[PDB]
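Heads up, what comes next is one protein chain in two forms, each shown on its own as structure tokens, labelled structure 1 and structure 2.
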Structure 1
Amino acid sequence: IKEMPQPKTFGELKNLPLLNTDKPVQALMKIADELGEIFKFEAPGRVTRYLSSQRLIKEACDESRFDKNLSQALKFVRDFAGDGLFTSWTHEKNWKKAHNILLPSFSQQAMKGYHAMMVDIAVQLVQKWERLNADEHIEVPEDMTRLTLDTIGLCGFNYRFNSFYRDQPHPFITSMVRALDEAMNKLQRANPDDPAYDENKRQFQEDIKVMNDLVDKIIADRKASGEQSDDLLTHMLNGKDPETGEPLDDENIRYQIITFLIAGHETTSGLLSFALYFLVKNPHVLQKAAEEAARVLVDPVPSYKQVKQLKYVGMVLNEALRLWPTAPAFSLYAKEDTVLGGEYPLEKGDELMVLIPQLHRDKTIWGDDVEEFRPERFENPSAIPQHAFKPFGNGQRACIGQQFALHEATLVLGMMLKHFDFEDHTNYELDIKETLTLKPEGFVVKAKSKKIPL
């Protein structure tokens, strides 16, 4: 039994001003490097503890001992995501209900049904790049977000955002991004009292109304037509929870749609961006990956079966998730009084934060080379210890979208590597923008077509 280290303090603000930065996760990563596997973090009326070691995170991941907590970031996202899967407590009736209805829609099996629609968007990405002139470059995060948003639109609700036809966002996305922006900015802030932030508050209320009206219309216009298009919206309108026997009500369905639209703008787009970054910075790896893409994707249109064969492309994506897990933290609470790691006594209710990028750098798991991009670490998936690798979180509150994310990222990265050579023509310096998620800002490449017909 021993006392926790704590980073530097600002009198009565405690540690809060440490979050007065547009890169809080990165600042928390540098604090973990200084203080080690566990530190205390206090704000006025709040105390959490950041975990960085596999030794302590394997205990936090014990579902008999700890459950999902909504962090301050999750409570602010709930103002527009409501009791959707990502922002609901495990004990809220709508969590288990929604989880049991949607779990079949997100299985490895359901991916065979989404495949055609994903390919439709991936082919739009490849044609865009095939049609660039010699002088031009690729804005990598911008194009990946166009792809992932369009993919979740079409598979989710049979809606085309047509992001490859635009350089200005949909009225929904403007509100959605501006809501999320306001939600992360609030973390550091003084209070919800300053008249200054009323304008930020006014705007936030108009954005919640805009997202709510446009998604409530979508539900309404789909119940209008009676059409049964095999999409998440159909599954949610017809689907019945086997426990309660009930379907979701229209309000919860609107919350699920908002939740899914954010995920598929903010997470998979980041994975693909990091993955391409590590590939252009590691030529030997790009070469192994492009060899597999060219051998496997022998048809102009990739099949489900062919994407499952891209083992090494899978390993690249897992290595990108290891260094830069795009949803970098999740929050837990003690269900009862308990002792963490034989050393840190917690009371019932006490909060933990899992710093996933730090977990993924634990030299006692991964060796001394933790900063190296080596997809070969993942050649043998049973060599990875339990709870050493948690990019999709933990237990029943893990990412429902995991197989959807990996199928889309494997398909698209497969096709990119099949169709183009890539040049890091600016020698890009990694600059990680923090929203809810991580993305590489300003990441630009050139592609040189291999002139393979679609």
Structure 2
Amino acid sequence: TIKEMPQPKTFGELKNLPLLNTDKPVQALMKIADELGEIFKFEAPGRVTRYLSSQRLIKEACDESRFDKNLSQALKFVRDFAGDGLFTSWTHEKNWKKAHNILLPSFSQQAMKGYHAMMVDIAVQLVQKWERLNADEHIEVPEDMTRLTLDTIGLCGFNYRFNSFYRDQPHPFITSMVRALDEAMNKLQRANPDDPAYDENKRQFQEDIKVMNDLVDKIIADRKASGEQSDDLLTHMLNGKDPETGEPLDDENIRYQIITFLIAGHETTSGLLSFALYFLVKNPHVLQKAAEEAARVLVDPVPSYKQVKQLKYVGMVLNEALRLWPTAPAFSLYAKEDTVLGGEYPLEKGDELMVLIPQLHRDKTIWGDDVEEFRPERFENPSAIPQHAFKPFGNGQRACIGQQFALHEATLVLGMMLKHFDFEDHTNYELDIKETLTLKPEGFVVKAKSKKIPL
């Protein structure tokens, strides 16, 4: 039977638009999903989308014969500086499939063996920072995790050191990138974007785009000039040819890919590490089990690629953190053709869906009644998880190309953190999830007591 779709409260001619005029729109949409269920319509002047929350419907949304990736307005604003890089391109753009084919082998699990040493370089810098704190000091967790992930992507992406652990004020590139991302997200809630109050925003935005383009174009040009071969993604992109077209990426698209790796990877990955450490300090028995694994496996001063692969419980901790607070919390799809969703909701060609990942990850028909509990052991037998129940890295050919990189990074770093320190939730921190591009536990702080194990 065709079913009428629920809709949240309306504001006359503004329809549902004012519901997203909030500091925490994803958390607001999760509460609407709690009230309305697995699907609801969201209307604004000149647009409609449908928010999906159940595995039953998201399994169908994930059918690539029926639905393709849509660029959300969020992605369209980011496209002003990420261009036709992989994250902000339509599947049908020539540069999407070309870059996908060229870059997939450079992002495989096997390829992580080549990035491992660079990841260890930055991870050791984090450990040494914390070893060097005085008794009276604490750790700003998301702040340090972001220094780590930015620097790791910079070193593995284009052999560039942002030297974030040497600074209070980030490298100008990072200052410009973070300010451009802030501006792109701020434009989602901006009613009068041509008001003169935004003249400075528009000028600063063009300045920040030029800062990013100028540095990355220079490093590409420096690399081509020198002929130097490194273990970075820039080497792979300069050397690569798409088997289909037989073409390489041009220098402009290479620049957009480098900017994209930093944008797509830095705050998702640092949020994952921040939420994982938050859940560990709030669940001491889970922290103890993860710390026992780190001590048994990481028997050398420097972790190896093989040792990171044997941090199985650490991997389960990270998957459980992605279950509860996936740091890229939504993605957008469009209907390729007229179709019926779930035997109940007719859609026309071009109709849009939003996947509300945190709500999917709370589907009690999949996970059971204990969905709010942090229980990594629920990932012990993953073959038992029904299709499309767990989607922190998106879907299909448009899924996260960085998934293996992010998880190798996060497993290495969390393993080293748990080997080298005991952690104290010294403030009894109250979770406050700040929403920007990403989700993070705002103001999460801990104290780290060294186990005095040499590097």
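Under this definition, the rigid core comprises the largest set of C-alpha atoms superposing within 1.5 Å between the forms. Numbering for residues begins at 1 and runs along the sequence of structure 1.
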* Fit the core first: which of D198, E291, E243, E372 then shifts its CA by 2 Å or more between structure 1 and structure 2? -> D198
* To do: Any chance you could measure the C-alpha shift of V215 between structure 1 and structure 2 with the core superposed, in Å?
  => 1.6
* How much does the C-alpha of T267 move between structure 1 and structure 2, in Å, given a rigid core overlay? -> 1.0
* Core-fitted comparison between structure 1 and structure 2 - CA shift at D230, Å -> 2.2
